[PDB]
Amino acid sequence: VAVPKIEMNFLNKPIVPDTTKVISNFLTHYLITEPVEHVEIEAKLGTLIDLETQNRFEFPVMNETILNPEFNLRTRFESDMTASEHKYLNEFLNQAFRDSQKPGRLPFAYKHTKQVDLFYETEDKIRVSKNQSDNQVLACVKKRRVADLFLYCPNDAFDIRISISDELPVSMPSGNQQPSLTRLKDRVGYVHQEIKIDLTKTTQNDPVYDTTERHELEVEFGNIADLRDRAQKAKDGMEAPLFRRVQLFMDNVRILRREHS
Amino acid sequence: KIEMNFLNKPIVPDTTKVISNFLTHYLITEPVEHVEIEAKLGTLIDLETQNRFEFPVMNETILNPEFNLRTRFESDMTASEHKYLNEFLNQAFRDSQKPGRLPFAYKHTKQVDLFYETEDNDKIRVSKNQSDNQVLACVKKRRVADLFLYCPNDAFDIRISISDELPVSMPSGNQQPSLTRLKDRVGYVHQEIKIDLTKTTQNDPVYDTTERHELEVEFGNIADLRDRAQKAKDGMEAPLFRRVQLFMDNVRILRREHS
Amino acid sequence: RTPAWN
Amino acid sequence: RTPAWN
């Protein structure tokens with residue numbers, strides 16, 4: 001039996017970080033405890049705004065910290081970045097793509113599509129997404145935000161918002177009803193180990209004001225079924241495969257969040 | 001096959017990087033001569049409520065020292081908490097002697113702390129054995145910098161300390177100590193990371209004798225750590241991160257251990 | 001004061 | 001604000 005060169009700690013067994021443990025509870029709750037049926041779990045890069053100053057939130061902390069939701073910190077999250085920041089991240093990921101193409105590496109997958117978001121009315125709102133290319137229906141849902149979780153990151157230019165949503169499929173609006181909202185969406189998607197990473201551009205025109213262009217980055221879990229099964233194990237006692245997955249997700253988010261000019 | 005992330009290269013946690021900057025500053029940029037770098041388990045006290053500090057965060061977080069948070073740190077714990085950790089470290093001690101493990105070292109010291117006065121007032125600590133009364137240390141220790149970590153999910157909070165412990169000449173045998181106390185020190189060492197479990201007993205002419213129960217984790221190899229820090233300042237920062245990560249991971253293990 | 005899921 | 005070393 002060989003003697004190691006070094007050990008990770010005095011127990012010589014891996015320990016879970018506080019952040020990873022907390023997030024894992026948050027995910028398990030909305031996957032297993034109070035299960036959301038058509039669940040979507042994603043993280044967006046952005047900015048925490050202080051509602052009193054309308055500038056980026058300030059906090060006497062020096063590292064990535066998970067804000068406590070049971071307090072009212074008077075804050076909102078803006079999912080947006082400059083075009084330059086959006087392009088800088090794009091160059092980074094293109095290179096991350098190119099490098100994963102090599103032997104010995106698990107390769108990225110790539111996709112570039114354009115879609116149209118159409119919103120309809122009710123007695124809430126309904127969203128119909130269409131491929132701007134061939135013009136079939138990509139999705140027809142009634143998405144509901146279930147819970148959020150904010151990470152304040154004073155060392156980076158971006159803060160994080162982890163979101164759990166309920167994306168319920170609904171039949172198409174009958175019939176030739178009028179959409180109450182219409183916006184275009186450019187989608188440059190990356191996938192690595194079923195972790196979906198999407199750089200989106202949302203253009204919306206106005207009858208009066210200039211056309212606005214919103215630049216976003218989202219990271220989400222591609223395999224909810226697998227993740228759900230991992231959360232069930234965690235709830236049962238074997239919580240290593242859940243921590244491993246959540247760690248992977250966060251590490252990918254952290255790599256991106258640190259990428260800035 | 002499985003990769004850690006889409007880069008397939010390990011990344012430094014935010015906390016590890018910040019602490020590494022903190023250490024690099026006082027090891028390299030503004031170097032301390034006889035530097036000691038330890039972390040103690042304790043309680044972060046809010047000066048207003050006089051209870052444990054309360055903060056709307058959900059994980060181990062470093063507090064920004066540039067802000068005035070109205071807070072003080074209590075390096076102490078209950079004797080029951082101390083005994084729990086003592087049994088845990090003992091089990092960890094025994095397990096590390098098994099085949100395939102990097103073993104622990106052990107060192108139990110029973111000492112006397114005697115504090116003397118100086119001229120330009122402003123402390124001289126003389127440590128001695130309780131047994132043969134032989135001098136163990138004679139220093140003038142000054143606190144240089146502090147860095148607190150609020151840890152809401154655990155019973156303890158952490159205070160990383162940088163001190164300057166200057167070896168000084170012995171006081172004349174005809175000048176009286178201003179303070180005298182006893183100190184029981186149970187030292188475990190693993191990969192040159194010193195884990196000391198201390199108990200401080202102080203008499204009083206009026207009030208009952210008190211007992212302070214502490215735990216300190218510290219870097220035992222400052223010279224090697226200094227080397228790692230110099231490399232970090234010059235681009236090669238991986239060895240310093242690895243070392244600081246080990247320190248913090250040992251601290252986190254001990255911090256979570258509670259009944 | 002901590003959320004139910006923690 | 002931020003300390004000098006960070």
# chains A, B, ... in the order shown; residues from 1 in each chain; ligands from 1
call {"tool": "interface_residues", "arguments": {"of": "chain A", "to": "chain B", "cutoff": "6 Å", "atoms": "only C-alpha atoms", "output": "VMD selection string"}}
result
chain A and resid 1 to 3 9 18 to 19 60 to 63 66 to 68 248 252
call {"tool": "residues_around", "arguments": {"residues": "stretch 23-36 of chain B", "least_positions_apart": "2", "cutoff": "10 Å", "atoms": "only C-alpha atoms", "output": "compact mmCIF listing (two decimals) with C-alpha atoms, in the first residue's frame"}}
result
# COMPACT_ATOMS: atom_id res chain seq x y z
CA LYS B 17 -7.61 33.33 -3.61
CA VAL B 18 -8.48 36.17 -1.23
CA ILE B 19 -6.75 34.57 1.77
CA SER B 20 -3.74 33.87 -0.45
CA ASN B 21 -3.56 37.57 -1.35
CA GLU B 38 -2.72 31.06 12.88
CA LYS B 141 4.39 39.43 20.14
CA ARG B 142 2.49 42.13 18.23
CA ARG B 143 -0.76 41.71 16.30
CA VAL B 144 -0.38 42.83 12.68
CA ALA B 145 -3.55 41.99 10.75
CA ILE B 160 -7.08 34.28 10.75
CA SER B 161 -4.29 36.19 12.46
CA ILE B 162 -0.93 37.51 11.36
CA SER B 163 1.42 38.38 14.21
CA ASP B 164 5.01 39.49 14.65
CA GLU B 165 6.62 37.40 17.40
CA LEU B 166 10.01 38.98 18.10
CA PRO B 167 12.48 36.98 20.25
CA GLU B 218 -1.38 27.36 12.11
CA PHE B 219 1.28 27.05 9.42
CA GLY B 220 4.25 25.19 10.88
CA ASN B 221 6.58 25.80 7.95
CA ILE B 222 6.74 29.56 7.42
CA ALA B 223 9.96 29.45 5.38
CA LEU B 225 5.18 29.06 2.83
CA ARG B 226 7.16 32.24 2.16
CA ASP B 227 8.72 30.47 -0.81
CA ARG B 228 5.30 29.49 -2.16
CA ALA B 229 4.12 33.09 -1.77
CA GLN B 230 7.13 34.56 -3.59
CA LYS B 231 6.34 32.24 -6.50
CA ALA B 232 2.70 33.36 -6.46
CA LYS B 233 3.76 36.99 -6.75
CA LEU B 240 0.42 28.64 -2.56
CA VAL B 244 -3.79 27.62 1.74
CA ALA D 4 -4.73 47.21 -0.32
CA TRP D 5 -3.78 43.53 -0.59
CA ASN D 6 -6.91 42.58 -2.54
call {"tool": "closest_residue", "arguments": {"among": "B:195, B:170, B:158, B:147", "to": "chain D", "atoms": "only C-alpha atoms"}}
result
B:147
call {"tool": "select_by_dssp", "arguments": {"residues": "stretch 184-235 of chain A", "states": "strand (DSSP E)", "output": "list in words"}}
result
residues 184, 185, 186, 187, 188, 189, 190, 191, 192, 195, 196, 197, 198, 199, 200, 201, 202, 203, 204, 212, 213, 214, 215, 216, 217, 218, 219, 220 and 221 of chain A
call {"tool": "closest_residue", "arguments": {"among": "A:74, A:155, A:40, A:6", "to": "chain D", "atoms": "only C-alpha atoms"}}
result
A:155
call {"tool": "residues_around", "arguments": {"residues": "stretch 199-216 of chain B", "least_positions_apart": "3", "cutoff": "6 Å", "atoms": "only C-alpha atoms", "output": "list in words"}}
result
residues 39, 40, 41, 76, 77, 181, 182, 183, 184, 195 and 196 of chain B
call {"tool": "write_last_selection", "arguments": {"atoms": "C-alpha atoms", "output": "short mmCIF file (atom, residue, chain, number, x, y, z; two decimals), in the first residue's frame"}}
result
data_model
loop_
_atom_site.label_atom_id
_atom_site.label_comp_id
_atom_site.auth_asym_id
_atom_site.auth_seq_id
_atom_site.Cartn_x
_atom_site.Cartn_y
_atom_site.Cartn_z
CA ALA B 39 -6.49 30.73 12.84
CA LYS B 40 -8.59 30.30 15.98
CA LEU B 41 -12.11 28.98 16.43
CA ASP B 76 -13.21 30.65 23.53
CA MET B 77 -15.56 27.68 23.77
CA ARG B 181 -1.20 32.15 34.07
CA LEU B 182 -1.07 28.44 33.24
CA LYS B 183 -1.42 26.90 29.78
CA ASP B 184 -2.12 23.31 28.72
CA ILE B 195 -3.40 22.01 15.24
CA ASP B 196 -3.13 23.16 18.86
#
call {"tool": "select_by_dssp", "arguments": {"residues": "stretch 73-231 of chain A", "states": "helix (DSSP H, G or I)", "output": "list in words"}}
result
residues 83, 84, 85, 86, 87, 88, 89, 90, 91, 92, 93, 94, 95, 96, 97, 98, 99, 100, 224, 225, 226, 227, 228, 229, 230 and 231 of chain A
call {"tool": "atom_distance", "arguments": {"atom1": "atom CA of residue A:52", "atom2": "atom CA of residue B:50"}}
result
29.1 Å
call {"tool": "interface_residues", "arguments": {"of": "chain A", "to": "chain C", "cutoff": "7 Å", "atoms": "only C-alpha atoms", "output": "list in words"}}
result
residues 22, 25, 26, 29 and 70 of chain A
call {"tool": "write_last_selection", "arguments": {"atoms": "N, CA, C and O atoms", "output": "mmCIF file, in the first residue's frame"}}
result
data_model
loop_
_atom_site.group_PDB
_atom_site.id
_atom_site.type_symbol
_atom_site.label_atom_id
_atom_site.label_comp_id
_atom_site.auth_asym_id
_atom_site.auth_seq_id
_atom_site.Cartn_x
_atom_site.Cartn_y
_atom_site.Cartn_z
ATOM 1 N N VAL A 22 -25.394 24.122 0.504
ATOM 2 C CA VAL A 22 -26.596 24.949 0.546
ATOM 3 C C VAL A 22 -27.408 24.875 -0.749
ATOM 4 O O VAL A 22 -28.615 24.634 -0.717
ATOM 5 N N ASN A 25 -29.283 21.659 -1.191
ATOM 6 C CA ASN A 25 -30.520 21.596 -0.420
ATOM 7 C C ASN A 25 -31.644 22.304 -1.162
ATOM 8 O O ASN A 25 -32.775 21.818 -1.223
ATOM 9 N N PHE A 26 -31.309 23.462 -1.720
ATOM 10 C CA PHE A 26 -32.254 24.289 -2.456
ATOM 11 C C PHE A 26 -32.807 23.544 -3.668
ATOM 12 O O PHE A 26 -34.005 23.599 -3.947
ATOM 13 N N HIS A 29 -35.004 20.433 -2.554
ATOM 14 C CA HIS A 29 -36.318 20.830 -2.059
ATOM 15 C C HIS A 29 -37.347 20.957 -3.172
ATOM 16 O O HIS A 29 -38.501 20.563 -3.008
ATOM 17 N N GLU A 70 -34.559 34.893 3.433
ATOM 18 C CA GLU A 70 -35.509 35.189 4.505
ATOM 19 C C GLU A 70 -35.370 36.610 5.049
ATOM 20 O O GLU A 70 -36.178 37.054 5.865
#
call {"tool": "atom_distance", "arguments": {"atom1": "atom CA of residue A:75", "atom2": "atom CA of residue A:254"}}
result
21.7 Å
call {"tool": "atom_distance", "arguments": {"atom1": "atom CA of residue A:135", "atom2": "atom CA of residue A:165"}}
result
25.9 Å
call {"tool": "residues_around", "arguments": {"residues": "stretch 80-93 of chain A", "least_positions_apart": "3", "cutoff": "12 Å", "atoms": "only C-alpha atoms", "output": "ChimeraX atom specification"}}
result
/A:44-49,77,96-100,108-110,157-161,187-192,197-202,212-218,252-253,255-261 /B:6-7
call {"tool": "decode", "arguments": {"residues": "stretch 5-22 of chain B", "atoms": "N, CA, C and O atoms", "output": "compact mmCIF listing (two decimals), in the first residue's frame"}}
result
# COMPACT_ATOMS: atom_id res chain seq x y z
N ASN B 5 -14.72 20.37 -15.11
CA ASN B 5 -15.44 21.49 -15.70
C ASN B 5 -15.10 21.55 -17.18
O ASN B 5 -14.30 20.74 -17.66
N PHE B 6 -15.69 22.48 -17.91
CA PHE B 6 -15.48 22.51 -19.36
C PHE B 6 -14.07 22.92 -19.78
O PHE B 6 -13.75 22.93 -20.97
N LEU B 7 -13.23 23.26 -18.80
CA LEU B 7 -11.83 23.57 -19.07
C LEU B 7 -10.93 22.37 -18.79
O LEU B 7 -9.81 22.30 -19.27
N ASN B 8 -11.45 21.44 -17.99
CA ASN B 8 -10.69 20.28 -17.52
C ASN B 8 -9.41 20.67 -16.77
O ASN B 8 -8.43 19.93 -16.76
N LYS B 9 -9.43 21.85 -16.16
CA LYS B 9 -8.36 22.28 -15.28
C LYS B 9 -8.96 22.81 -13.98
O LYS B 9 -9.96 23.53 -14.01
N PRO B 10 -8.35 22.45 -12.84
CA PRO B 10 -8.90 22.85 -11.54
C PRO B 10 -8.86 24.36 -11.36
O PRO B 10 -7.96 25.01 -11.89
N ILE B 11 -9.83 24.91 -10.63
CA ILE B 11 -9.87 26.35 -10.40
C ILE B 11 -9.88 26.70 -8.92
O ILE B 11 -10.43 25.98 -8.08
N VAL B 12 -9.25 27.83 -8.60
CA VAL B 12 -9.14 28.29 -7.23
C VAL B 12 -10.46 28.88 -6.75
O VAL B 12 -11.03 29.74 -7.41
N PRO B 13 -10.94 28.40 -5.59
CA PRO B 13 -12.14 28.97 -4.97
C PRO B 13 -11.91 30.44 -4.64
O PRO B 13 -10.76 30.86 -4.46
N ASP B 14 -12.98 31.22 -4.58
CA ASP B 14 -12.89 32.65 -4.32
C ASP B 14 -12.22 32.93 -2.98
O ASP B 14 -11.37 33.82 -2.87
N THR B 15 -12.60 32.16 -1.96
CA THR B 15 -12.07 32.34 -0.61
C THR B 15 -10.57 32.05 -0.54
O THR B 15 -9.82 32.79 0.11
N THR B 16 -10.14 30.99 -1.20
CA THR B 16 -8.73 30.60 -1.20
C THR B 16 -7.86 31.69 -1.83
O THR B 16 -6.78 31.99 -1.32
N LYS B 17 -8.34 32.27 -2.92
CA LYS B 17 -7.61 33.33 -3.61
C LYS B 17 -7.43 34.56 -2.73
O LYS B 17 -6.33 35.11 -2.64
N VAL B 18 -8.51 34.99 -2.08
CA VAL B 18 -8.48 36.17 -1.23
C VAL B 18 -7.53 36.01 -0.04
O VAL B 18 -6.70 36.89 0.23
N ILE B 19 -7.64 34.88 0.66
CA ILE B 19 -6.75 34.57 1.77
C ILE B 19 -5.30 34.51 1.31
O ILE B 19 -4.39 34.97 2.01
N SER B 20 -5.08 33.96 0.12
CA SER B 20 -3.74 33.87 -0.45
C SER B 20 -3.15 35.26 -0.70
O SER B 20 -1.96 35.48 -0.46
N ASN B 21 -3.98 36.18 -1.18
CA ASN B 21 -3.56 37.57 -1.35
C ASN B 21 -3.18 38.18 0.00
O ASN B 21 -2.17 38.88 0.12
N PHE B 22 -4.01 37.89 1.00
CA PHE B 22 -3.81 38.38 2.36
C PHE B 22 -2.47 37.91 2.93
O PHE B 22 -1.74 38.70 3.53
